[PDB]
Structure formats: structure tokens, C-alpha cells
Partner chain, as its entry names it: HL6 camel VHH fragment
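Okay, so here's just one chain, in C-alpha cells, the form deposited without its partner chain.
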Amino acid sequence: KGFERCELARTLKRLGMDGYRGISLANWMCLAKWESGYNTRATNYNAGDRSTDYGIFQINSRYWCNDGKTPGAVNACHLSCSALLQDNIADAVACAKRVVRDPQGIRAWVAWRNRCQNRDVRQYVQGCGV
């Protein structure tokens, strides 16, 4: 499923993301945009460490979810990576919350540092009623 901008903004707010651990809704939108373009089925294989990034937030199998094929991986979100490919993003949001509870917070994702950190992210929530 490919989300429309404001549709997603409200979807995230309804799931308790607005200000979760100090992260504004605009920052979550910026992250989702740069990671998957608001697409829930997006995946990316990292041939080097044999891990895969899954879903709207492109969450990695080495540390966050279990796909059974990533060597020596852990499952901190305690979810099958399949849960990160559903149209309904509740599970993906629960896991993104788990990620930001770690030492780096929103900085956990390199894309956020590249395309969102120290930038104007207001555009993502403009006119969404959030």
C-alpha cells in the first residue's frame, strides 16, 4: 500500500506518534518519505551483512525483527518481519517506537540524518489537520 501524505500524517497521529519521545509528527513523516516514499511493501536487501530493511520505515532485520535468514540477528521488536509489510501500519509503528527508545532516538536511521536533521520539515504536515 502506498499512503498519501496527509492520510499517513493522521494515521500516525492516531497511533500516538505525535511527539513520541520528543519526535514531532513532521519528523516521522520526513523519515517515512525518505525511507520508502510512504510504501508499506518496500524492502531492501543488504548483501553485505545479509540483512533486509522492511516496510514504510525500512526497519532492519539484524536488530529489530525476525525473518529467520539474517545470520546472528536479534528481534528487539519481537515481531516477524512480515508484520512490517502489512497495509495496516500499527505493528510497524510499535516497532519504530521501540527503535527510538534506543540510545540514538530518531537518529537511528541514517536517512533521517541526511534528509531531515537540521532541515525544515514543516511541509510534511502542512494542511493535514494534525
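Positions refer to the first chain, counted from 1.
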property: Of 25 to 33 and 99 to 107, the stretch whose C-alpha atoms average the higher B-factor in the entry; result: 99 to 107
property: 89 to 97 or 40 to 48, whichever carries the higher mean Cα B-factor; result: 40 to 48
property: Ranked C-alpha temperature factor of residue 79 among modelled chain residues, by third; result: middle
property: Third of chain Cα B-factors occupied by residue 8; result: lowest
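The discussion below concerns the form deposited with its partner chain bound, not included here.
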property	result
Residues within stretch 69 to 99 having a non-hydrogen atom within 4.5 Å of its partner chain in the deposited complex	76, 77, 78, 79, 90, 91, 94, 95, 97, 98
